[PDB]
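Each answer follows from the model by the rule given with it, or from the source it names; no laboratory instrument gave them. Every residue, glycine among them, receives a Cβ derived from its backbone with ideal geometry; neighbour counts consider all protein chains shown.
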Amino acid sequence: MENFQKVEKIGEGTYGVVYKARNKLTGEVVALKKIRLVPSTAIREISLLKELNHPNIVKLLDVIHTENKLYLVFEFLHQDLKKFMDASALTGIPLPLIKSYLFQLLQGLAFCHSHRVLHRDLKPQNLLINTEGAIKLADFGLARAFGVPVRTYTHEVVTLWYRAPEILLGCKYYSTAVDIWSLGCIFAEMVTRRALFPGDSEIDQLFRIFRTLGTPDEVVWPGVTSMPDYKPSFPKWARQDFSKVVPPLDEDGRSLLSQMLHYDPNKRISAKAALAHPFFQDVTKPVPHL
Ligand SMILES: Brc1cccc(-c2cc(NCc3ccncc3)n3nccc3n2)c1
């Protein structure tokens, strides 16, 4: 905390304020995250993340716990995907770059998932990009450490847009499939230049999902009608063709996206199988203009 000079507020994250900072001694530029409460379970979970190192995962440099306050020190990246998508609304991200980013994000997932660590709150705001054509996932593993609240510490609404349907339907246990759902929602958003499912409450989110993909049933999703927040009185909507949902996307893309958005989490494609999908046959790594 005093080992760091604040350079600038980046924003108010899920768990606290996020700062760009400089290591006062070493001069290293880092992202400093304050985690508002701390519990031994959290400290032990966090420490395990220091080993979860991968080029597509923002590096956890240190955990500082002093005076019952908690700070996480990460590798700093200059830009996130949400700002990048906004900045390129006029023209859209070129497909070769969307493809490269999707490819790298799936690599990040495949790595963490193989160590059985989930993100659970993937969203454009925590996908970070550099001037080298790289993209990295920020805040991996934190949801398991600190929970995911409804409001941030500054009362901002945590988005539901990328939340998997099994969460919304009140599953007690999350699998890695929840991240593949979020990431498919982001893939669709990069392609169309519009969020796929911009829900503004849990039921609005669910009902937006049903409107596009069909109200799930026992045929598409064995066991769905027995989940805690499922109701027989949900309206029954018919599925739309993906040709209509993500129009410009080619047949490989639409086929991969559909597998990433399968209702049944057990059927939803894994990150590892997604990397082998023919969509990625001609993948390259362009530099974004930035
Ligand atoms: Br607020 C908020 C919510 C979720 C993630 C981040 C965030 C942003 C960046 N940098 C992107 C950025 C930097 C400066 N200004 C805007 C965005 N970094 N870099 C390392 C971790 C990290 N976490 C910030």
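Taken together, the criteria place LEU77 among residues that are within 15 Å of the ligand (Cβ to nearest atom), aliphatic (A, V, I, L, M) and either in the same structural domain as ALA164 (by CATH) or surrounded by fewer than 22 Cβ atoms within 10 Å (Cβ to Cβ) (or both). Being over 21 Å from the mean Cα position of the chain (by Cα), surrounded by fewer than 19 Cβ atoms within 10 Å (Cβ to Cβ), assigned by CATH to the domain that holds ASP139 and more than 15 Å from the ligand (Cβ to nearest atom) is a description that does not apply to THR41. Pairs meeting the criteria (first residue in segment 65-83 and assigned to a strand (DSSP E or B), second residue near the ligand (Cβ under 6 Å from one of its atoms) and not aromatic (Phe, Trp, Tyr), beta carbons under 6 Å, at least 6 apart or on different chains) are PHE74/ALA31; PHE74/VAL58; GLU75/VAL58; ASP80/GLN125; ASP80/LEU128. Considering only segment 112-163, state which residues are away from the ligand (no atom under 12 Å from the Cβ) and assigned to a helix (DSSP H, G or I). Selection gives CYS112, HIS113, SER114, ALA143, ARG144, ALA145, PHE146.
Of all residue pairs spaced 6 or more apart or on separate chains, those with beta-carbon atoms under 8 Å, a first member in segment 1-28 that is over 21 Å from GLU67 (Cα atoms) and assigned by CATH to the domain that holds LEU61 and a second member that is within 14 Å of the ligand (Cβ to nearest atom) and of a type in the set (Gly, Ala, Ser) are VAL7/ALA21; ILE10/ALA31; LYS20/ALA31.
Out of curiosity, is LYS59 within 15 Å of the ligand (Cβ to nearest atom), closer than 28 Å to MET190 by Cβ and surrounded by 15 or more Cβ atoms within 10 Å (Cβ to Cβ)? When the stated conditions are applied, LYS59 passes them.
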